[PDB]
Structure formats: structure tokens, C-alpha cells
Amino acid sequence: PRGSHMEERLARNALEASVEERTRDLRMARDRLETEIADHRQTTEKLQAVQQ
Amino acid sequence: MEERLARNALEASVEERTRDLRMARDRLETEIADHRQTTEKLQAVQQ
């Protein structure tokens, strides 16, 4: 006993799960990298201030 | 001179971090762009 769009909804669930998990991974990578860039910016700004 | 060598080593370290962070940024930019085109194509095949 199957709905007329059951297979299509299951395919949608599969694709959605994968795409959203990739999205979370890329958000996390982006977060880590922004934090590193901020550390680097603080470091360079402070070293610039003391160079003269 | 010791202070000059230490200075240059720190300078070199900082320039290296700049290069690595730019490489990482460029790569993640491409990854994000590619993912976005996947999501847009996904979304349009439904509607």
C-alpha cells in the first residue's frame, strides 16, 4: 500500500539529508577559517603598531 | 645580529600564515560556490 508520491518523497529525503549535511560541514569549515583569519588579523595589526 | 634574525623569522612566519590562509580561503570559496550550484539545481528540479 503505497502513496502516489512515496518514492519521490523518499528520494527527496535522501538528497536533502546529504545536501544539508554538506552545508553544515561547509558552515563549520567557514567558521574555523574566519576564526583563524581574525587571529591573523589581530596579530598583524598589533605587530604593525609596534614596528614603529 | 640576533634581534634582526628574530625579527626576520617572525616576519617570515607571518607571511607564511598569510599565504596559507589565502590558499584555504580560495579553496573553501570554490567549495561553497560548487555546493551552491548543486543546491540551486536541486531546488529547480522540484518546483
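Convention: sequence-line order gives letters A, B, ...; per-chain numbering from 1.
Annotation: the span from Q37(B) atom CD to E40(B) atom CD amounts to 8.5 Å, rounded to 0.5 Å. One finds the CD atom of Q48(A) at 10.5 Å from the OG1 atom of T43(A) (value rounded to the nearest 0.5 Å). Note that the CZ atom of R32(A) and the CG atom of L28(B) stand 10.5 Å from one another [nearest 0.5 Å]. Separating the CZ atom in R17(B) from the CG atom in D20(B) is a distance of 6.5 Å, to the nearest 0.5 Å. Here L10(A) contributes atom CG and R2(A) contributes atom CZ; the two are 7.0 Å apart, rounded to the nearest 0.5 Å. Distance OG/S13(B) to CG/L47(A): 10.5 Å, rounded to 0.5 Å.
Residues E16(B) and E11(B) form no side-chain contact, since every pair of their non-hydrogen atoms from C-beta on lies 4.5 Å or further apart.
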Criterion side-chain contact (heavy atoms from CB on, under 4.5 Å) on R30(A) and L26(A), from CA distance to verdict: CA-CA 6 Å; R30(A) 183 173 70 189; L26(A) 290 170; over 6 Å; no
Candidate pair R12(A) and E7(A), rule side-chain contact (heavy atoms from CB on, under 4.5 Å), full reasoning: CA-CA 9 Å; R12(A) 256 132 74 174; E7(A) 186 170 337; over 6 Å; no
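Side-chain atoms of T18(B) come within 3.5 Å of backbone N or O of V14(B) as a donor-acceptor pair. One N or O on the side chain of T44(A) and one on the backbone of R41(A) form a donor-acceptor pair closer than 3.5 Å.
Annotation: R4(B), atom CZ; neighbour count of heavy atoms from other residues, nucleotides and ligands within 6.0 Å does not exceed 12.
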